[PDB]
């Protein structure tokens, strides 16, 4: 039973409650709140949002940090309330983040999935209530209210079992002093958003458009025919049947036309380099020009990404609508779209600070490899130093190609890519790649020991852990299938590395947000991008930030090797280089 309340009453404002502030729009920025459920010691209550969000006692209760609330995905409700001018405080337990720390592979995205983890099933999955895709819709108040009360009652019942397992895993502080405080920082970053110079994007767009139609006209000429260049099937007919170009790699359906195999087909026909150029420009025009323009809010002229904090298996953040963690950087006209991200106020600047080789530094510390640790204590170029060791030469003898290959080995560790993957990246035979790895392990025997020990430890315990006690379970580690076991072994090696880097950057963000308020600076965190923090601040604060931000990031944790931060600022994201 539950009270479908018409008025907010004193008893709904207990100082501990499960709270549900339901936002059904996937993108919760400036999105409607469809209902409110409160469960506490005195009862279970459903509130209409027009009612509750106009009651000064309820609003005051939302914003009172000493009135503790338990929620599922508090950041969604916090941001939706931010857009209504209302602060949400006192969230002492977030069920979504608790479920994510306990087992990231469950894919827990609604209360029901988390509840299943504890054999609690008196709640429906959200897709059963709301529908899927097109037939998505808010149901009637009786149906809506019951579902919201049931989610709140589940949260109420589930806090204690979740906190108990968290404590057993030594993850209670990880939840309470890292992920939940970070969730507030992320909410504030999303709400603030990034200002976008839509005029320059549209200018870049009109320019790729004229360059696309030139190259595209060239392609039809070289094909002797018009076709959908965007359709890898049609393009595959033209390259491999009409032009008789050799088939170097097959895709599950037909012929691969990846930039991979196309570069190897370029000597055979001038159409290929044109297809590659069309691909590059169309990626930018469609995904980055047209994509970003679609999600700039015309009220703010800002993008307000949503950070997904309970998605990745490694503990990294992901971001959506737009995804600002894949904005081009390696090729120039790609990276020039970062010129479209500007400060949101005049006389402000963009400030970007990034960890230099944080994953390899984490590895040096976890593996305690004396050579790796020396390399970083000397602040060497790690790729040059790896090439020196692998190829047994002095620094003066490292050719760019030796460095490129040492860099690919290092990248292969940081991402745990397969031995077959190193051979594929370096376009070498699989055995040539094997003796590469071997040479590396002879130069870094501590990394080899770490590789072998962490795989044994994963087999033994069932999981691997990061510096801050995040864990990833690896059931596939015993599978009698080779490819399935290899990936699980590679995740055993890579997850403590990537996940520890992720932990460090999140602690950096927490420590930085406190120091900014402590220093009374107007600088604000805007974006985190796996290893980079991006802020905007008044011109007048750049100098204090050049000292402050790298200091906070480097001191976030004490490793056996220094942490190194590079930082830049400029009047756009591009120029913070």
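Numbering follows the first chain given and starts at 1.
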Assert higher mean C-alpha B factor (553 to 561 or 8 to 16, deposited values) equals 8 to 16
Looking only at C-alpha temperature factors in the entry, 165 to 173 or 421 to 429, the higher average sits in 421 to 429
Residue of maximum C-alpha B factor among 187, 157, 266, 97, per deposited coordinates:
266
Among 88, 293, 237, 366, single out the one with the highest C-alpha B factor in the record, please.
237
Lowest, middle or highest third: which one holds residue 73 when the chain's residues are ordered by CA B-factor from the entry?
lowest
Using the temperature factors of the C-alpha atoms in this entry, rank residue 489 within its chain: lowest, middle or highest third.
middle
Residue 522: CA B-factor among chain residues, third -> middle
Among all modelled residues of this chain, ranked by Cα B factor, put residue 32 in the bottom, middle or top third, i.e. lowest, middle or highest.
lowest
Modelled-residue ranking by C-alpha temperature factor, third containing residue 253:
highest
